[PDB]
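Next comes just one chain, in structure tokens: the form deposited in one PDB entry.
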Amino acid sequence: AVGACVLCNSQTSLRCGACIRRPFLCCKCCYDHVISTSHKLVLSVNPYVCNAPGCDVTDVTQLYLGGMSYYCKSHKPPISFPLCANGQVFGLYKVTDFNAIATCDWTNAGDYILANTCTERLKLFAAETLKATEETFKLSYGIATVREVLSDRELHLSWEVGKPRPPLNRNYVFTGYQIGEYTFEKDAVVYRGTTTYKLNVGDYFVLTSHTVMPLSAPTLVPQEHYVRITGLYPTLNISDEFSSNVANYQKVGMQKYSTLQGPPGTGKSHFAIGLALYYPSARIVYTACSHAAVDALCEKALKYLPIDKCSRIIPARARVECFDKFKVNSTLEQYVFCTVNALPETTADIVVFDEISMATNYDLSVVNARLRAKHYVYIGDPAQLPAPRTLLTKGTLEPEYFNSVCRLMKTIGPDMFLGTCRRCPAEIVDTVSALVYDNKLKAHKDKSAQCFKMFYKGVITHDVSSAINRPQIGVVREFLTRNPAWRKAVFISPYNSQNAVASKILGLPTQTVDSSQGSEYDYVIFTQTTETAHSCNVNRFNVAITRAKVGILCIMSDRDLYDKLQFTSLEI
């Protein structure tokens, strides 16, 4: 009820009642909000509404102070002062960017640009507002009910009339009814139940709309530079394996926070785990948004760090499987691996936040609120994929606007850059180096002579909006007959519907570009499927072709990206 101004910090009792997060505003800033926007409801212990019986005047510009009460122009007493006058709204202890964050619908790219270019408190206001908007949008969707059960993995659904149907992919996680979370993939639909239960007919699912908590901590803590390693104790016996990162590990101990840009296969988790060997007494918390990113850090830690000092933090609501080898939920172990939403309230000597392109400003802030650390390290790559922005439908979100860490990496550059790709055949490294890394990424591997490209537009069909290209899958099938070593390839495309078709026709394991991020395979077969902004996205393209260790086959739709691929072209 009585708090601090989200703009200039000048204490007040005035909260905007029209803002979905109800932020406190000072006398000066509340005025500049109500007179420039449709937002006219002003709060305190008592709201600014006409006290005269049965009067519906709530607009603060049409209200006045009659002693210690509030009334409109039609009900005010002779001795009454306007609540809105002289650039101020009457309150105790007596902006363009704040207005736009407060009133935008978050469907445009410019809304996200602003949410990242504004002041720090406006970043938290923006992150709270966006997350709250995203959750209330889930409520707009229709309830799905089980009509019949075909088998242990297939079912038929009945939808609510009037309310739209959400897109079916492993992106949208429903909550069965409390029979556990469930996901869907396309009249022959497949049901992916997180908890194994006999799919009851009549039982329904609904999109988990968790409540949005307020943000207290900043996205980035204030930067501190030191002239000596602070609170960390190095070794002069770090294995040659991690010696390439000694100068960077020291930079970590000489700054409050540091950023690491690591292109694919340049040694990000090797750097992250090697930081524990360089400061062997330090308590380190390894965090990331996804369970898969946390698990990939667990796998590297399992190889170099003592297993008895490790613990994998798993929340009670087990939404999918997790890394099994560390002791579970022992919050007190020297090494703690946990997702951002499951983080306990604790301290650390170092906090490592991985896959930073997937973080939102909300995630950056939660980490600063749940973890108080001597040093924070942000590992990721702004040339890789960002978190899906479900409300964003107009415009494209550039990497400098993914989050505060990405913004720093794209404007002032990263503190540390891993320049040598050790995963990919040089054809791939040379392509992405020119495409997204300003020719600064170098190849450790030779050219494999197993990277191919084919320009084939085929025929584009759609499953609602998720696209399919059966002729591009036909070309893959023909290629497989002539190149049987490729029988072990992973099939990748920008669309679930393309992947579902390729799975039945080719029999290859399937993966979307977005779900492939962080993973590597010997052989990759990629079909572009369409020439949309989604399938032409250079960060998505970069992720797609950098999954391969040995060979890649790219069936392309876009001439531009095809021409850039430094691969042997194939005929047909």
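We number the residues from 1 along the sequence you see. Basically, rigid core = biggest C-alpha set you can superpose within 1.5 Å across the two forms.
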Third-or-more of other entries without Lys131: no
Taking only the other compared entries that model residues on either side of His270, decide whether it is unmodelled in at least a third of them. no
Check the entry and tell me how many residues of the deposited sequence have no coordinates between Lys94 and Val95: none, 1 to 3, 4 to 9, or 10 or more. 4 to 9
For the stretch from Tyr177 to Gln178, please bin the deposited residues that the model skips: none, 1 to 3, 4 to 9, or 10 or more. 4 to 9
Could you check the entry and say whether 533 to 541 or 505 to 513 has the higher mean CA B-factor? 505 to 513
Average Cα temperature factor in the PDB entry - higher stretch of 428 to 436, 222 to 230: 222 to 230
Selection from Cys406, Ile460, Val189, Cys104 [criterion: highest C-alpha temperature factor in the record]: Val189
Per the entry, which of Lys453, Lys76, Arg153, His270 tops the list for Cα B factor? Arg153
The third of the chain into which the C-alpha temperature factor of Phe353 falls is the middle
Within this chain's modelled residues, let me know which third the CA B factor of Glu120 belongs to: lowest, middle or highest. middle
Split into thirds by Cα B-factor across the chain's modelled residues, where does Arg559 land: lowest, middle or highest? lowest
Relative C-alpha B-factor of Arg470, binned into the chain's lowest, middle or highest third: lowest
If you rank the chain by CA B-factor, which third does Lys300 end up in: lowest, middle or highest? middle
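One more form of this protein should be noted, the form solved in complex with a small molecule, which is absent from this view; the next part is about it.
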Tell me whether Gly265, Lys300 and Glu355, taken together, all sit within 4.5 Å of the small molecule in the deposited bound form, counting heavy atoms only. yes
Using a 4.5 Å heavy atom cut-off, state whether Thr461 contacts the small molecule in the deposited bound form. no
Within 4.5 Å, heavy atoms only: does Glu241 come near the small molecule in the deposited bound form? yes
Can you work out whether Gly66 and the small molecule are in contact in the deposited bound form, taking contact to mean some heavy atom pair no more than 4.5 Å apart? no
Exercise: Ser269 in contact with the small molecule in the deposited bound form, heavy atom 4.5 Å: yes
May I ask you to choose, among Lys186, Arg423, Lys131, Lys457, the residue with a heavy atom within 4.5 Å of the small molecule in the deposited bound form? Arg423
Note which of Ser519, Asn46, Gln62, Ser36 lies within 4.5 Å of the small molecule in the deposited bound form, where distance is taken over heavy atoms; exactly one does. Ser519
So which stretch, 194 to 202, 257 to 265, 317 to 325, 148 to 156, is the one near the small molecule in the deposited bound form (non-hydrogen atoms, 4.5 Å)? 257 to 265
The one residue in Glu299, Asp105, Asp203, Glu120 whose CA moves 2 Å or more between the shown form and the other one on rigid core superposition is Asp203
With both forms fitted on the core, give yes or no for whether the Cα of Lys488 moves by 2 angstroms or more between the shown form and the other one. yes
For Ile412, state whether the C-alpha moves by 2 Å or more between the shown form and the other one after rigid core superposition. no
When the two forms are laid on each other by their rigid core, does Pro23 show a Cα shift of 2 Å or more between the shown form and the other one? no
Would you mind telling me if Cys298 and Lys488 are closer or farther apart in the deposited bound form than in the shown form, C-alpha to C-alpha, with a 3 Å or larger change? closer
Compared with this form, is the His534-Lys410 Cα separation smaller or larger in the deposited bound form, the difference being 3 Å or more? farther
